[PDB]
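Student: just coords:
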């Protein structure tokens, strides 16, 4: 793979909106990133806790899968797990800002539950 793969992987897995935006563009153009041989497989939120109100967290889950799978492939998972989990939480919170009142609180509560369900592993 290219020499800057570790840096590209870091850039796609930060908690910032710009990192998520960069990853989203790559996700839509995976073939353009073929040289990097990233693991683009994801189960979306199928292995996550219940989502009774149906908030659209699929993309949040997808980027979290990307972070986990690729850092595990690089053999440096334990040291990056925290940031990946946090980025996941931030991605979900971004979704929630689109709601007000009860919905906003319910959305943030579901986001917290999802985050805690992965944080339990370490």
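Tutor: That came in fine, so what should we check first? Numbering: from 1, shown residues only.
Student: what packs against the longest helix along the chain?
Tutor: Using DSSP state H to define each element, the chain has its longest helix at helix 101-119. Counting contacts by 3 or more CB pairs under 8 Å, 6 or more residues apart in numbering; DSSP states H and E, helix 101-119 packs against helix 58-73, helix 81-96. Just so you know, the C-beta spots here come from the backbone N, C-alpha and C atoms, and that holds for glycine as well.
Student: give me the element residue 22 is part of.
Tutor: Element membership for residue 22, per DSSP states H and E: helix 17-28.
Student: can you list contacts of that helix?
Tutor: 11-13, 32-33, 40, 59, 62-63, 66, 87, 90-91, 94 (CB atoms under 8 Å, 6 or more residues apart in numbering).
Student: can you give me the angle that helix makes with helix 58-73?
Tutor: If you take axes from the mean of the first three to the mean of the last three CA atoms, to 10 degrees, helix 17-28 sits at 90 degrees to helix 58-73.
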